[PDB]
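> here is the sequence, then the experimental structure:
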Amino acid sequence: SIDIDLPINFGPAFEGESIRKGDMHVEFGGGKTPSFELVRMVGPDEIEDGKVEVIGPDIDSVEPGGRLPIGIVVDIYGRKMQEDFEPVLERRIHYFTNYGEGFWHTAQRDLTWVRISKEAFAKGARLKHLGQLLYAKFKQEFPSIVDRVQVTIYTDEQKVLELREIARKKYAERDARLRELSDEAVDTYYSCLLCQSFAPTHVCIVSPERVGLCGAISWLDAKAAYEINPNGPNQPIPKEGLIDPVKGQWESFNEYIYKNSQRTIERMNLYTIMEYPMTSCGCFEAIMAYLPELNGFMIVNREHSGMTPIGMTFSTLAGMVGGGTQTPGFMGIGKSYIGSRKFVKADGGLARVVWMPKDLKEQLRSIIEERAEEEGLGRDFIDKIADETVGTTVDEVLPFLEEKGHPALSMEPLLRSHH
Amino acid sequence: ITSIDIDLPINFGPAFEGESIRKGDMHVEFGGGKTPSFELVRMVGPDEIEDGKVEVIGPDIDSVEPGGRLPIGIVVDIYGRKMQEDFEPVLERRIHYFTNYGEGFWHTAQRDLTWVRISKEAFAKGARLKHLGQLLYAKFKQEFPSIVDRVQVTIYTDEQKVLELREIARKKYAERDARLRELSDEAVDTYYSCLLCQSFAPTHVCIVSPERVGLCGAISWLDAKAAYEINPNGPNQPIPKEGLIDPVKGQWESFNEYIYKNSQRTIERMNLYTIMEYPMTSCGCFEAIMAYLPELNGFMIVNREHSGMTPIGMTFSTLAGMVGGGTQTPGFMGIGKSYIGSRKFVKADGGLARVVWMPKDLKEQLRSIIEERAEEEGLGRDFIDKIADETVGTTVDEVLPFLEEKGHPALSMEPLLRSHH
Amino acid sequence: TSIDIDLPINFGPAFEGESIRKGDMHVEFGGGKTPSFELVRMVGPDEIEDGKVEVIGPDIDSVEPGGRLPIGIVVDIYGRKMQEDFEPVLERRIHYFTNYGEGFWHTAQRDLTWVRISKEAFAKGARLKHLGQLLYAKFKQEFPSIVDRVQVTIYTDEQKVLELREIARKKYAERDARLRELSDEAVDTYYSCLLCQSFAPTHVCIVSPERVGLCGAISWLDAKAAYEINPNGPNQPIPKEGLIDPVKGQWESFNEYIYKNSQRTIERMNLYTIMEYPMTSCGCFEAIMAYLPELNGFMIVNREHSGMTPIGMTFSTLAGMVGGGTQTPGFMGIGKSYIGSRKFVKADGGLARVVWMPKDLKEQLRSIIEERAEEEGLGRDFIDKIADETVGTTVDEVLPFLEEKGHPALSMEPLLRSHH
Ligand code: SF4
Ligand code: SF4
Ligand code: SF4
Ligand code: NI
Ligand code: NI
Ligand code: NI
Ligand code: NI
Ligand code: NI
C-alpha cells in the first residue's frame, strides 16, 4: 500500500467504475462536454515546482449530482525529459491515486472520457491532498529524468475545453506507429518480464509488429521504459544470428530467454505457434488454438462465458495455455496482435482463423476487414468467419465452412502424426 | 459393507435408514408432522439413568397391526465425567451413521427428525426393538471409550408423549442453533480445520471459521471444536490466527503452513474472503457452487439439488466435475448453503451485491437470510427481487437484459482478478 | 536416410505426404482394388545375388497409364543373427525405409501393400531396378550388423504373384495363429516399445500377448523379435513376480520396471483395470474408454469417430485428457485388438459393462464382439443390448433403452460413491 493520511476511501474503484447516474458528482465527456486526464512535459520558464492547485469548485463546495469537469494535468520538466516519456509516466497515475474510490480515467490523447463519483467528496479533506500526493510520488519514483513537477485539477468547462483535445488520438497514433513500423525496419527487439510474479518463465519478446500479450506494453513503451530505467524489467536485445526468417528465430533472443526464463525454454519462433511458440503468464487477452478437424485457428477472449467448438471454454484453456510452458498449438495473444502483418505469418495469418466470439468479431470488425482486403481475401472475409451462433461444435461449424468456401479448408493442413 | 452380529429374524440390509418413504405403502410411520419421531443424545445425571437400560416403552413391531402410527424416540441419554452440553450433535450425527448409506428408511432434513417406514416383512418376522437399542449401546460404547459411561434407549409410543418428545426436540434445536449466529470471525483467534474429506480428495484441505461453515455443509466451527475436544488426535486440529499476510483477502502464515503440509504442497497460498484469486479447494461434497460471469459481472449460485442449465452453459454436474477433487480453479467456488448468510461472505469481491443468478428453489429456501443480509448491507429488502432465476433465462443473453432492466448494483462495480490493463 | 543412386525425382522427408489423384495416378500396386503384397522370407546364400533386382515382368518405365502391375516384394537376407521371427519386423521397416523418397506413397502391409507412383517417374525415366537397388541399399543401411547378403526381388508375373501371395497369406495365417496361441497366463515376460517416447518421455505403452499395445500394430511377437534383434532396444522382458492385486493385475516386478525407464513417475499399474493407476497415451492409441457413473459403465470410442458423446465431451477433449503423457484415472487409451482380448478389464466387468460403442466399431468387430459374448455366455444377442449411435446417443436417450434391453452393468456391482 501507499499509507497516506488521505480522506478518499482507499479502494481499487478507479479501474472500471460504471457510476450510477443518481450519484455521480461529475460525469464529464460523454458527447456533452470536454474530458481529459493528462501528464505532459512543459518548458522550464512557464511552470512552478511544487505548486498544487484545484481550479474550480472543490469537492465539498458543490452539491452532488452535477455535470461538471474533472481532470488531472501533471506538467513535468527535466533536463533529459523527452516527448515520448508521457505514455509510460502517465500510467503511474493508476498506481498513485488508484487506491481510492469514485473515479474513471484513462487514455489522454485527443478526445475521450473522464469521470468522478460523489462519496469521495465529503470525507474531510480536499483534492489538494491528492495533488500533493501525486507531486510527491512523481518526485520520488522517477528522480533521474524530472526535476520540476506541477499538478492541477481543473473542474471548469472553459479551461478544460482546450483539454477536450487530449483523450483519444495521441496514444492511438502511438500504437499506430507500431502498426506502420515494419517488423524488420527496427534493429533491436525489446523484452518484457514484469509478469514474472504469476509466471517467472514468461520472457515475452515484444516486437513493433507484435504487442505483448498483456495488451499494454509495446515496443515503443518498452524502449521508453528502458530509457527511463536502464535497470527496469524491459531490457534491450540486439538482433543477431539469424536462423529462419519464415518462423523468425534469432540467436540473441534464444540466449536471453535461456538465461532468463530459467533454462526451461531455449528457442523461440515469433511467426508461428506450432513449433517453439512464445510463453504466457496469465495476462493474455485472447487464446488461440488449433483445430485440425476444422483445419484452422480458434480465438476466444477473456470476456466469453459460453461453449466452444474445441470443447473447452476459455477458463479451462487458461489452465494449460498460461504458466510459462512452450505449448505448440495453443498461445495467448493480445487483441491488437490479430490485426498485425506478422500475426502467425508462417501459419496462414488471418486466413487460418475460423471461429471467434461474435462480440470479438464486432470489436475487431473494421481492422479485420482492412487486413483481409490488404491480403486480397476480400472485404467480406468477416462474414466467412463462423461465430458462436452459427455453431458451437465442430460438426456444426464444418457445414458452414463448406458453404462459405473458407480459405482455411482450401490450403494444406499442419502437424501430422505417427502410427 | 458394514455388518453386525445381532440375533434378530428381521432382514438387515438396504431397508432401515437411508431411502425415501411414501404414505400409501407405509406399514408404520415414525416421524413427520403427523406421528413425529426424533433421536436425542442429551446429558443427565447418573441417578437419572441405569447403565445399559435398553428398554422398549410400548408395543414392539409384531404387537402393532398395520394402521397404527408410533414413533421410535432413540433418547440416548449420556452421563460422563468430562461430557459437556455442546458435544451432543457430534455423537447425534453418528446414531444414523451406522446404517445411513446402507439401510433404507428415511432421515428427512437432518438431526433429530428421522422418518422410519417399518416394513411389513419386519412385522411378520416378529422381532422386538430391544436389540435395536442393544446395537446402539455396544457400538456407542465401542466408538466412545473416553466420554460416555452409561447408554440407554427409551422408545416411547404415546401420542401425547409423542408431542412432548417433539417439544423437547424443538427445545434442543434452538439451543444447538442459536450459538452459531452469535459467533464471529474476529471474536475467536483460533480456527479449526478438517481433513475428513481426504478419502476421495487427499489434496484438499477445508478451513472452518465461526462465520464460514465447511463446504460439506455438515460440520461448523463449533462441531470441529467439539470433535477436537472429543478426539484430540482426530482429523481436525486447531490453528492460531498468527502470521497475518493479507488482511483484506484473508491470508495467514499459519494457515498457509498447515495447507502446505497437508495438501502435499500443491496449495501454498489461500484466500479466505475471495474467489477469483486463490480460492479454497473442495472435496466434491459442496452443497452449492458459485461461478463468476465476466459478461454479467456477477455470481451464479447454483446448488446440487437443482438440476438444469446455468448461464455459464452447463449443469451442476459438469461444474462439480470441473471443480471438486482439490483442483484450485479461480472463478469458481464450492460453498455450503448456510455460508451465503455469513457476514464475511466474499467481502473482498463486494459480497452479496455481486450475485445475479440463483435457481428458484435455492432462492426461495434462502429468502429469509438473503433479505436479512440485504437489509444489513444497505441494499434494501427488495434485493432478492433483482436476482435473476432460471425462469428469467437459462443463457446470458436472456438474463442480461433483465439485469439491466432491474438495475442490478453489480453493474456499477469494477470487475475482478488482478488488474493489468 | 538418403540414397546415392540418381533418380528422376527428389529424395526428401516431405514427399511422404504427397496427394495424388486417380488422374495423376499412373499405375497402382495393391490396395483395395488390386492385389499386391510385401514379403520377407528366410533363405540361404546358395542362390542369392547381391542387389539382383530380378524383375519378372514389364518394368515400371514401359507400362501404359492406368494399368495394373501386381507387385510381390521378396526379400532374401543372409543373417547370422537373423531368425524366421524377424520377418514381420523387417516388413514394417519396408514402410520406414521406402517412404523417405519421392513418389513412394506406400500404405498398409501384408496382402494390402498399396504403392502409388505417378507419371513423374514413368515419364522421367524411373526403372523398377531403381526401386530394387534402393530397397537393397536401405536394408543395408538400416540393418548393417545383421544382414550380410541382400536380394530384393520384385516379382511382377500375375501367375507368380498369385502363387506367391498364397505363401504370403499362409505365413500371415501362421503369424496370427502364433499371436492367438500365446496368453498372458503362460507368458511370463511382456515388452514395451519406446518409439512413442519421441513426444512423451514419461509415457510407456505396455504390450502383452493378450492385451495388445496402444499402438495397435506392435504386438507381443514383433516386440520380442525386435528385442532379439536389438537387445539394447526399448523392449525388455519383465519377470512375472511380486503379484500384489491379481484381481486388477498388479505385479511388483512390473512396477519396478516402470520405475526403471519412466523416471519413477508411476508407482503401481493395474493391467486389468483403468480406474486405479492407469497408463497414459502418446497418441499411438486407437481407441479411448471412459467411465460413466450415470449408467455406471464403460464407453469405448475409436479415433475416427468424433462428435457428441454420453460422457459429455468430444473425442478431442478425451485425447487431451489422456494424451500427452498425462496419467488420469477413470479414462484409458486402448488398442482395437485389446477389445477382443479375454483380459479386457476382467475385474471391471469385461465386455458386460461396455454398452456404448459406435456402429462402425460393431461392424468391424462382428466376428470378435459376438465371439467374446458367446465365450462369456452373453450370447450373440448382446450386440442388440449394445447401445450404438444409430439408436441412442445421449445419456437420456440410452437411459430407458438400457433398462429395456437388460443392461448388465446396473444389474451388477457399481463403482465410485459420494461422501455425504
Ligand atoms: S505481455 Fe505481460 S507477460 Fe508478456 S512481456 Fe508484456 S508484461 Fe511480460
Ligand atoms: S466440509 Fe468436507 S471437505 Fe470441508 S473440511 Fe469438512 S469434511 Fe473436509
Ligand atoms: S503402444 Fe505406443 S507407446 Fe506403447 S510400445 Fe507401441 S508405440 Fe510405444
Ligand atoms: Ni499472465
Ligand atoms: Ni468432504
Ligand atoms: Ni466432496
Ligand atoms: Ni506412440
Ligand atoms: Ni500414443
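Nice, thanks for sending it over. Numbering: from 1, shown residues only, chains lettered A, B, ... in the order given. Ligands and ions are numbered 1, 2, ... in the order given.
> my guess is residue A:51 meets residue A:148, correct?
No. Assessed by CB atoms under 8 Å, residue A:51 is found out of contact with residue A:148, at 9.6 Å. C-betas here are computed from N, CA, C, even on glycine.
> which one's more surrounded, those two?
Set side by side, residue A:51 and residue A:148 give different neighbour counts by other CB atoms under 10 Å in any protein chain shown, the larger being at residue A:148 (17 against 14).
> in space, what's closest to the more buried one - neighbours in sequence excluded?
residue A:49 (3.7 Å; CB to CB, 6 or more residues apart in numbering or on different chains).
> what does residue A:378 give?
With CB to CB, 6+ apart as the criterion, residue A:378 has its nearest non-adjacent residue at 6.2 Å, and that residue is residue A:372.
> what about that neighbour, which SS state?
helix (DSSP: H, G, I helix; E, B strand; the rest coil).
> and residue A:86, by the same measure?
The three-state label given to residue A:86 by three-state DSSP is helix.
> so it makes contact with residue A:74?
No. If you go by CB under 8 Å, residue A:86 and residue A:74 don't touch, sitting 9.7 Å apart.
> overlap in contacts, these two.
A:39, A:40 (CB atoms under 8 Å, 6 or more residues apart in numbering or on different chains).
> list the contacts of the residue of the stretch 301-419 of chain A found nearest ligand 8.
Of the residues in the stretch 301-419 of chain A, the one nearest ligand 8 is residue A:418, at a distance of 7.6 Å by CB to the ion. When the contact criterion is CB under 8 Å, 6+ apart, the partners of residue A:418 are C:195, C:196, C:198, C:283, C:284.
> next: residue A:89.
With the criterion set at CB under 8 Å, 6+ apart, residue A:89 makes contact with A:39, A:76, A:138, A:142, A:228.
> the third one against residue A:72, yeah?
So that's residue A:138. No. Taking contact to mean CB under 8 Å, the distance of 11.1 Å between residue A:138 and residue A:72 leaves them out of contact.
> with neighbour numbers in mind, choose between these two.
In terms of neighbours (other CB under 10 Å), residue A:72 is the more surrounded of residue A:138 and residue A:72; the figures are 24 against 21.
> what does chain A have sitting close to ligand 6?
Applying CB under 5 Å from the ion, one finds that chain A does not approach ligand 6 at all.
> ends of stretch A:67-81, how far apart?
With CA to CA, to the nearest Å as the measure, stretch A:67-81 spans 36 Å from end to end.
> quick one: it to chain centroid distance?
Here the centre of mass of C-alpha atoms in stretch A:67-81, compared against the chain's by CA atoms, centre = their mean, to the nearest Å, lies 22 Å away.
> could you do stretch A:215-222 as well?
Here the centre of stretch A:215-222 is set off from its chain's centre by 8 Å, with CA atoms, centre = their mean.
> now do stretch A:314-327
The chain centroid and the centroid of stretch A:314-327 are separated by 20 Å, computed with CA atoms, centre = their mean.
> buried stuff in that stretch?
Of the residues in stretch A:314-327, those buried by neighbour count under the rule 16 or more other CB atoms under 10 Å in any protein chain shown are A:314, A:315, A:316, A:317, A:318, A:321, A:322, A:323, A:324, A:326, A:327.
> what's the closest non-adjacent residue to the fourth one?
I take that to be residue A:317. Of all residues not flanking residue A:317 in the chain, residue A:287 sits nearest, at 4.8 Å (CB to CB, 6+ apart).
> which strand or helix spans the one you found?
Element membership for residue A:287 (DSSP states H and E) is strand A:286-291.
> quick one, that strand and helix C:315-322 angle?
Taking axes from the mean of the first three to the mean of the last three CA atoms, to 10 degrees, one finds strand A:286-291 and helix C:315-322 inclined to each other by 110 degrees.
> what packs against the helix or strand following strand A:286-291?
Where DSSP H and E defines the elements, the next helix or strand beyond strand A:286-291 is strand A:296-301. Using 3 or more CB pairs under 8 Å, 6 or more residues apart in numbering or on different chains; DSSP states H and E as the contact criterion, the neighbours of strand A:296-301 among helices and strands are strand A:286-291, helix A:314-321, strand A:353-355, helix A:358-363, helix A:407-410.
> comparing those, which comes out most buried?
Compared across the helices and strands packed on strand A:296-301, strand A:353-355 shows the largest average neighbour count, a mean of 25 (mean count of other CB atoms under 10 Å in any protein chain shown).
> which of the contacts of residue A:89 tops the neighbour count?
In terms of neighbours by other CB under 10 Å, those top out with residue A:76 at 26 neighbours.
> now what about the host helix or strand of it, what contacts it?
In this structure, residue A:76 is located in strand A:72-77 according to DSSP H and E. Among residues not part of strand A:72-77, those counted as contacts by CB under 8 Å, 6+ apart are A:36-44, A:47, A:89-90, A:93, A:97, A:105, A:130-131, A:134, A:138, A:146-154, A:163.
> narrow these to those in helices?
Among the contacts of strand A:72-77, the members falling in helices (DSSP state H) are A:89, A:90, A:130, A:131, A:134, A:138.
> and the closest residue to the last one other than its chain neighbours, how far is that from ligand 8?
Spelled out, it's residue A:138. Using CB to CB, 6+ apart and skipping residues adjacent in sequence, the residue nearest residue A:138 is residue A:149, 4.8 Å away. Distance, residue A:149 to ligand 8, by CB to the ion, to the nearest Å: 63 Å.
> try residue A:220
For residue A:220, the distance to ligand 8 - CB to the ion - is 46 Å.
> surely that residue is in contact with residue A:180?
No. Under the criterion of CB under 8 Å, residue A:220 lies out of contact with residue A:180, with a separation of 11.5 Å.
> which stretches in chain A count as helices?
Under DSSP H, chain A gives helices at A:86-90, A:127-141, A:157-161, A:170-180, A:219-228, A:251-260, A:314-321, A:358-363, A:365-374, A:394-404, A:407-410.
> mind listing what residue A:126 touches?
Each residue near residue A:126 by CB under 8 Å, 6+ apart is listed here: A:54, A:58, A:59, A:60.
> which of the residues you listed has the largest number of neighbours?
Neighbour count (other CB under 10 Å) singles out residue A:59 as the most crowded of these, with 25 neighbours.
> wait, that one touches residue A:120, no?
Yes. A contact is recorded between residue A:59 and residue A:120 when judged using CB under 8 Å, the distance being 7.0 Å.
> so who does residue A:270 touch?
Residues A:205, A:207, A:210, A:247, A:248, A:249, A:253, A:278, A:342 are the ones in contact with residue A:270 under the rule CB under 8 Å, 6+ apart.
> point me to the residue of chain A nearest chain C.
Taking CB to the nearest CB as the measure, chain A has residue A:311 as its residue closest to chain C, at 4.1 Å.
> neighbours of that residue, how many?
A count of nearby residues for residue A:311, using other CB under 10 Å, gives 18.
> who's in contact with it?
Remark: with contacts taken as CB under 8 Å, 6+ apart, residue A:311 is in contact with C:313, C:314, C:316, C:317.
> with distance to ligand 7 added, can I get these in CSV?
Written out in CSV, the entries for those read as follows (distance: CB to the ion, whole Å):
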residue, distance to ligand 7
C:313, 23
C:314, 21
C:316, 18
C:317, 20
